[PDB]
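>>> Got an experimental structure here, sequence first:
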Amino acid sequence: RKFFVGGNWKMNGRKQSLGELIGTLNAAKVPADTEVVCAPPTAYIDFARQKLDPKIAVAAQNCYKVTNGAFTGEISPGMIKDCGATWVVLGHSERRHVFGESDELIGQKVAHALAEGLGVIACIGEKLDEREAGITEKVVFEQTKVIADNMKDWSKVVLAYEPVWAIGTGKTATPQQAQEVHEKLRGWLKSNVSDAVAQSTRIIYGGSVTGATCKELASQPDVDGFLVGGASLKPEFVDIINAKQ
Amino acid sequence: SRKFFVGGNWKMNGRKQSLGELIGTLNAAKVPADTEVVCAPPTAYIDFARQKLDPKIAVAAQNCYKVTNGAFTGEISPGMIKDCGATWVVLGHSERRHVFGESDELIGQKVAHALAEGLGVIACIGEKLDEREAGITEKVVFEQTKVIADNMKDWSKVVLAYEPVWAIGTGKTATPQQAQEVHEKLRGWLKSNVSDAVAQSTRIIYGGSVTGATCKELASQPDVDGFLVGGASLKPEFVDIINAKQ
């Protein structure tokens, strides 16, 4: 499994500030063993791909489940590809819990993005009430299941565990808590899909990661990389890229 | 003195090559000074479209969120839309409301923020078939317009688009006279609840089925001030609709 560092810019930046960030990213030495992906705001997918060096891949932050249609405000994997992006983030916690995207919709997006030739960063994770009621496994397994049932080929998927229970709650995850969930996820893939899928699928950590914390997280045997939030908008992202070095 | 307004909502259609062809057609087209023309591309192509379209055509975003930056993966802000050279945003479109579950409250907040950020707003309202058949057209469109109104300090940068959602994909058709009835009622609501100044100056555009053949009759209705066009906005037929008053 190649180490995978994704940067989720979320709804941040303008051409000036993003252009600057991109200059900083273009100066990064990307390790030969590490795959790097940046997810700009949708209005800047095209802009970012044009300005970023090809050593960094571009992802969309979301997409819909058909190629063209009467879906005001949506983009398709076809448009994503057309702008030179090769990845899409699907099932992000904000899509699920702010915007109410169901597991079934997320699964249908995943199959369509994969069929169009995109890589997919598929996100799962439990909230605090779910964790504290003891149902972390039930939640993340069902989210992973609904994805799994809506797809066939696992080679272009990266799984991203998001400890949603650590977002603005006053709790945070230790590296050991992250490892524990990643290990259970890998175990789910083994028992529900195949050994081969379990062994080759990157499971990346989508919780808080900084330049200070990235190496300890990366050393966890079942943590294969990151989907970075806030630090992805800073030079600090370049150091996170180096987490396995 | 209400300037005729024609919006083209490209929805989730096209790629750089095919939209480039469309833009070529629009650039070559005669736009009467009469008319304010606005095109809304897929969000991935707002920048692309603004760079290639002649300045006689304004660019809209198809949706936005309600804060300037934030942890809202998949969203764009009015600041981003303006940064890409677009001067309008479409809000409350029937697909946002009914396919993607956007509440009146959220739409009102978006309108407020977009207006505060300097964008124009194409604010969409309309009733479904079940609401129409229950006799509650007025109640529905008045409540939607009210929520939008509660989130307004200035009306000069707003265009209201009535979408007869009951008549889009249902088998049912709407007549020019049915469109006019809703439009005059909305304007009456503006007069009673906002001001006569707003009622007299606010473009109320029709967002139902419009083609080259029907646009002229619709445009002649006294309270129909233009169009928010769907499918036909992707075709040269759009130029016929731009010229519906000519």
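That came in fine, so what should we check first? Residues are numbered from 1 along each chain as shown, chains lettered A, B, ... in the order given.

>>> Scan chain A for its longest helix.
helix A:175-192 (DSSP state H).

>>> Just the C-alphas of it, formatted as PDB.
Taking only C-alpha atoms (Å, rounded to 0.1, in the frame of the first residue of the first chain), the coordinates of helix A:175-192 have been written out as PDB:
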ATOM      1  CA  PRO A 175      -3.100   7.600  17.700                       C
ATOM      2  CA  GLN A 176      -4.100   4.400  19.500                       C
ATOM      3  CA  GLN A 177      -7.800   5.100  19.000                       C
ATOM      4  CA  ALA A 178      -7.200   5.800  15.300                       C
ATOM      5  CA  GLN A 179      -5.200   2.500  14.900                       C
ATOM      6  CA  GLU A 180      -8.000   0.700  16.800                       C
ATOM      7  CA  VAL A 181     -10.700   1.800  14.200                       C
ATOM      8  CA  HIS A 182      -8.400   1.300  11.200                       C
ATOM      9  CA  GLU A 183      -7.600  -2.200  12.300                       C
ATOM     10  CA  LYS A 184     -11.300  -3.000  12.800                       C
ATOM     11  CA  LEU A 185     -12.000  -1.500   9.300                       C
ATOM     12  CA  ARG A 186      -9.300  -3.700   7.700                       C
ATOM     13  CA  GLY A 187     -10.800  -6.700   9.600                       C
ATOM     14  CA  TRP A 188     -14.200  -5.800   8.100                       C
ATOM     15  CA  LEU A 189     -12.800  -5.800   4.600                       C
ATOM     16  CA  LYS A 190     -11.200  -9.200   5.200                       C
ATOM     17  CA  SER A 191     -14.400 -10.800   6.500                       C
ATOM     18  CA  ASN A 192     -16.900  -9.100   4.200                       C
END
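
>>> What is that helix packed up against?
Using 3 or more C-beta pairs under 8 Å, 6 or more residues apart in numbering or on different chains; DSSP states H and E, the elements in contact with helix A:175-192 are helix A:136-149, strand A:157-161, helix A:195-200, strand A:202-205, helix A:214-218. From N, CA and C alone the C-beta is placed, and that goes for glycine too.

>>> for chain A, what spans make up the strands?
With DSSP state E as the criterion, chain A has strands at A:3-8, A:34-39, A:57-60, A:87-90, A:119-124, A:157-161, A:202-205, A:225-228.

>>> Any idea what the spatially most central residue of chain A is bridged to?
Central residue check for chain A by C-alpha atoms, centre = their mean: the C-alpha nearest the mean position is that of residue A:121, 4.2 Å away. Here residue A:121 shows beta-bridge partners residue A:89, residue A:158, assigned using DSSP bridges.

>>> sorry, back to before: flag every buried residue along the longest helix of chain A.
Of all the residues in helix A:175-192, those buried under the rule 16 or more other C-beta atoms under 10 Å in any protein chain shown are A:175, A:177, A:178, A:179, A:181, A:182, A:185, A:186, A:188, A:189.

>>> just to revisit the earlier point, just say which of the strands of chain A is most tucked in.
Stretch with highest mean neighbour count among the strands of chain A: strand A:225-228 (a mean of 28; mean count of other C-beta atoms under 10 Å in any protein chain shown).

>>> Check what contacts it and list those residues.
The contact list for strand A:225-228 (C-beta atoms under 8 Å, 6 or more residues apart in numbering or on different chains) reads A:3-8, A:34-35, A:89, A:121, A:123, A:158, A:160, A:162, A:202, A:204-206, A:209, A:214, A:217-218, A:237, A:240, A:243.

>>> Comparing the helices and strands packed on helix A:175-192, which comes out most buried?
With a mean of 25, the top stretch among these by mean neighbour count (mean count of other C-beta under 10 Å) is strand A:157-161.

>>> got the angle for that strand vs strand A:3-8?
With axes from the mean of the first three to the mean of the last three C-alpha atoms, to 10 degrees defining the directions, strand A:157-161 sits at 70 degrees from strand A:3-8.

>>> other SSEs contacting strand A:157-161?
The contact analysis (3+ C-beta pairs under 8 Å, 6+ apart) places strand A:157-161 against strand A:3-8, strand A:119-124, helix A:175-192, strand A:202-205.

>>> Residues touching that strand, excluding its own?
The list of residues contacting strand A:157-161 from outside it, by C-beta under 8 Å, 6+ apart, reads A:4, A:6, A:89, A:110, A:114, A:119-125, A:140, A:144, A:151, A:178, A:181-182, A:185, A:201-207, A:224-225, A:227.

>>> In space, what's closest to the residue of chain A most remote from its centre - neighbours in sequence excluded?
Outermost residue of chain A with respect to the C-alpha centroid, by C-alpha atoms, centre = their mean, is residue A:70; its distance is 27.3 Å. Sequence neighbours aside, residue B:11 is the residue nearest to residue A:70 in space, at 5.2 Å (criterion: C-beta to C-beta, 6 or more residues apart in numbering or on different chains).

>>> now residue A:111: how far from chain B?
Residue A:111 sits at a distance of 18 Å from chain B (criterion: C-beta to the nearest C-beta, to the nearest Å).

>>> Contact partners for that residue?
When contacts are counted by C-beta under 8 Å, 6+ apart, residue A:111 is found next to A:65, A:150, A:151.

>>> Now for the residue farthest from the centre of chain A: which residues touch it?
B:11, B:12, B:95, B:230, B:231.

>>> Residue A:54: how many residues sit nearby?
Counted with other C-beta atoms under 10 Å in any protein chain shown, the neighbours of residue A:54 add up to 8.

>>> now residue A:53
Here the neighbour count serves as a burial measure; for residue A:53 (other C-beta under 10 Å) it reads 12.

>>> tell me the phi and psi of it?
Geometry field for residue A:53 lists phi and psi as phi -60, psi 140, criterion degrees, to the nearest 10.

>>> Verify the stated contact: it with residue A:26.
Yes: Residue A:53 is in contact with residue A:26 according to C-beta atoms under 8 Å; the separation is 4.6 Å.

>>> Find residues that contact each of those two.
None of the residues lies in contact with both residue A:53 and residue A:26 under the rule C-beta under 8 Å, 6+ apart.

>>> what's residue A:205 in contact with, if anything?
Residue A:205 sits next to A:160, A:161, A:178, A:182, A:217, A:223, A:225, A:226, A:227 when contact means C-beta under 8 Å, 6+ apart.

>>> One more pass at 7 Å, please.
Remark: with contacts taken as C-beta atoms under 7 Å, 6 or more residues apart in numbering or on different chains, residue A:205 is in contact with A:161, A:178, A:217, A:223, A:226.
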